[PDB]
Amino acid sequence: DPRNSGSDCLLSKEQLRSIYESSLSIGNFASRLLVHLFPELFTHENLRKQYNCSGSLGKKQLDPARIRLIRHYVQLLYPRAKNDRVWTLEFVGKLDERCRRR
């Protein structure tokens, strides 16, 4: 994505294939990207528990730029994730769960 030109946090193609090949599903892939791109939320302080993707249900919103990057990487493997209903119904829930879980 040319929009991301100059960013310092992008993943190479070989890296993306590695991470996907060691994941158990496209949703799991998205969760591991979540934990990788928001490291300050997955420490022993578990700040992740205050967040979800939308800022719904009284939670704070996860950075939309990094979520946009995760959806971009997912769309590379799952083009139907370019559809907003697919992204909402098949990914946002799993990301919110990764933020929320015990």
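One rule holds for the numbers: they count along the sequence shown, beginning at 1.
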Segment of higher mean CA temperature factor, 50 to 58 or 24 to 32: 50 to 58
Stretch with the greater mean C-alpha B-factor as recorded in the entry, comparing 90 to 98 against 77 to 85: 77 to 85
Within-chain third of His44 by Cα B-factor, per the entry: highest
Third of the chain's Cα B-factor distribution that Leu11 belongs to, per the entry: highest
